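Undergrad: Just the structure for this:
(3 chains, ligands or ions: 3)
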Amino acid sequence: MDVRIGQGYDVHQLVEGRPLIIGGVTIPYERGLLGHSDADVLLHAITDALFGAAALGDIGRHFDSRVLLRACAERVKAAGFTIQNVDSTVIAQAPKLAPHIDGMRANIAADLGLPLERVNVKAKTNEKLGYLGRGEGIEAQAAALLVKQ
Amino acid sequence: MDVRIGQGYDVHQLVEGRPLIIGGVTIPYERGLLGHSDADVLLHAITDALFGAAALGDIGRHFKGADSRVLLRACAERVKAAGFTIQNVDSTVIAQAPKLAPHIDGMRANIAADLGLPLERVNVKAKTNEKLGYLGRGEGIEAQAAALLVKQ
Amino acid sequence: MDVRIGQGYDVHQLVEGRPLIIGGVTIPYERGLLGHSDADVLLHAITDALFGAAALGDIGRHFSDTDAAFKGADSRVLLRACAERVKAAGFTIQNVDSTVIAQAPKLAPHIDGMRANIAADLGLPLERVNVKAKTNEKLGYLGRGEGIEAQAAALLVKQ
Ligand SMILES: [Zn+2]
Ligand SMILES: [Zn+2]
Ligand SMILES: [Zn+2]
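TA: Numbering: from 1, shown residues only, chains lettered A, B, ... in the order given. Ligands and ions are numbered 1, 2, ... in the order given. Find the structure here:
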């Protein structure tokens, strides 16, 4: 069985006057993530992990963060891989992410064609350290495992 | 073989009047890690990597005790009960001081004991942050972990 | 099948007067990474992911960062020695994935050169080696161009 690992990282600044969208869930908050796309740090980190596992390069090579994640899953499937699972962490000082985690997992699972039991998202703060601990930005990390057919 | 990956991250601030406990090892040092638990940054990241691979959420979603070895063992029991077995764990601790390398063996032996795994399936690595950022100024300590499971 | 995961992290400061070598690629730039060896952050993070998946400790356990032998060391030589220890311990490498994070210079145009070196060093085909490039969106020391971070993941199977 030809198993492959991938890992992803993303970070965006948080700014006034942008919606906060993470894992495709819009979360009520006075600030949101700055980027070219909707800046969805969590979907971007998972997309990178998936391309990384498939050795299809990265998000910048290929490319709604949902649309991108769905095109990523297509390209990975087309390259002959199946997705075993995704795990991820979002690091944000605020707001509270816990009540939105199930929604992110549902969006991710739909977009990757997986059952919910193969998708995990975890939330952390940065314990008031650094730009994350001060609310100036939000980070996501992801890991994915593929099997090549 | 139904293999699954998990990854974990944790960071705590260094403060006076706390012991420094990492990988269950008490490390002599003028400061220790701040949290509501014993703030064992390494055991927390590994615990999160293990729940993450089993798709059982995270430490937050779970476990009220301060002793992070008790939490790591309960983690292992939940993982086992969910039908998985652990292939291995690897991890990194980042601290500008003290030097962590002489303390790594003891963390390996604590984690191995708590997960019921032989030493050869348990790895801990030590890094500094090259005097960059809050880590590089000695203001806290970060750990990263990865774990692989097989659902049986 | 006895599969094992490894992960790696490294970060170095950018300073005047050093070459910039990442993934074994010399990149033209006014600053380079500072460390004991040539400070190749990406090879170091992959080297740590490889030792970590094989439970062989870490780069500092094998190549001391205060031993004169490794002052200015070409980090490809350490990567190749790491891969030989990992194979000798009974493992084959399934694949490596990695990310380099720098606000500057642009790293995306150099990814394919880094993959080529790493694949050659690990005795792997290109389709088992991946390197991704990111910026830090002007956040923190990485966002202000003060250093460059690398992250890696390696998957082994024990024979
Ligand atoms: Zn992004
Ligand atoms: Zn913690
Ligand atoms: Zn290094």
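Undergrad: What's the biggest strand in chain A, counting residues?
TA: Counting by DSSP state E, the longest strand found in chain A is strand A:2-16.
Undergrad: Within its sheet, name the partner strands of it and how each one runs.
TA: strand A:31-33 (antiparallel), strand A:137-148 (antiparallel) (DSSP bridges).
Undergrad: Need the ones you listed in CSV (columns: mean neighbour count and distance to residue C:45).
TA: For the C-beta atoms, the positions are set from N, CA and C on the backbone; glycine is no exception. Below are the strands paired with strand A:2-16 laid out as CSV (neighbours: other CB atoms under 10 Å in any protein chain shown; distance: least, CB to CB, whole Å):
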stretch, mean neighbour count, distance to residue C:45
strand A:31-33, 22, 26
strand A:137-148, 26, 14
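Undergrad: JSON lines for those, including distance to residue A:102?
TA: Output for those, formatted as JSON lines (distance: least, CB to CB, whole Å):
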{"stretch": "strand A:31-33", "distance to residue A:102": "20"}
{"stretch": "strand A:137-148", "distance to residue A:102": "17"}
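Undergrad: So the residue nearest to residue A:32 when sequence neighbours are not counted, which state does it fall into?
TA: Leaving aside its sequence neighbours, residue A:32 sits nearest to residue A:18 (CB to CB, 6 or more residues apart in numbering or on different chains; 3.3 Å). The three-state label given to residue A:18 by DSSP: H, G, I helix; E, B strand; the rest coil is coil.
Undergrad: any idea how far residue A:18 is from chain B?
TA: From residue A:18 over to chain B the distance is 25 Å, taken as CB to the nearest CB, to the nearest Å.
Undergrad: which ones are touching that residue?
TA: Contacts for residue A:18 (CB atoms under 8 Å, 6 or more residues apart in numbering or on different chains) come out as A:31-34, A:39.
Undergrad: check which helix or strand covers residue A:51.
TA: Element membership of residue A:51 [criterion: DSSP states H and E] is helix A:41-53.
Undergrad: can you tell if that helix touches chain B?
TA: No. Helix A:41-53 is not in contact with chain B by CB under 8 Å from any CB of the partner chain; minimum separation 9.2 Å.
Undergrad: Would you mind listing the buried residues in the helix or strand just after that helix?
TA: Downstream of helix A:41-53, the first helix or strand assigned by DSSP H and E is helix A:59-62. Buried residues in helix A:59-62, counted by 16 or more other CB atoms under 10 Å in any protein chain shown: residue A:59.
Undergrad: same question, stretch A:18-32
TA: Those would be A:18, A:20-25, A:27, A:31-32, for stretch A:18-32 by 16+ other CB under 10 Å.
Undergrad: likewise stretch A:73-81?
TA: Along stretch A:73-81, these residues count as buried under the neighbour rule (16+ other CB under 10 Å): A:73, A:75-76, A:81.
Undergrad: Does chain B have contacts with it?
TA: No. Against chain B, stretch A:73-81 shows no contacts by CB under 8 Å from any CB, the least distance being 13.4 Å.
Undergrad: Figure out how far that stretch is from the centre of its chain.
TA: Relative to the centre of its chain, stretch A:73-81 is centred 18 Å away, using CA atoms, centre = their mean, to the nearest Å.
Undergrad: got the CA coordinates for that stretch in CSV?
TA: C-alpha atoms of stretch A:73-81 as CSV (Å, rounded to 0.1, in the frame of the first residue of the first chain):
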residue,chain,number,x,y,z
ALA,A,73,-9.6,17.0,-4.1
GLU,A,74,-10.3,16.5,-7.9
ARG,A,75,-6.6,16.9,-8.8
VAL,A,76,-5.6,14.5,-6.0
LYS,A,77,-8.2,11.9,-7.1
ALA,A,78,-7.2,12.3,-10.8
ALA,A,79,-3.5,11.7,-9.8
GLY,A,80,-4.6,8.3,-8.5
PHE,A,81,-4.8,8.9,-4.7
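Undergrad: List the contacts of that stretch.
TA: The contact list for stretch A:73-81, computed with CB under 8 Å, 6+ apart, reads A:4, A:50-51, A:53-54, A:56, A:62, A:83, A:111-113, A:146-149.
Undergrad: ok, now which ones touch the nearest residue to residue A:124 once chain neighbours are set aside?
TA: What sits nearest to residue A:124 in space, not counting adjacent residues and going by CB to CB, 6+ apart, is residue A:91, at 5.0 Å. By CB under 8 Å, 6+ apart, residue A:91 lies in contact with A:123-126, A:132, A:138-141, B:9.
Undergrad: if we go to 6 Å?
TA: A:124, A:126, A:132, A:139 (CB atoms under 6 Å, 6 or more residues apart in numbering or on different chains).
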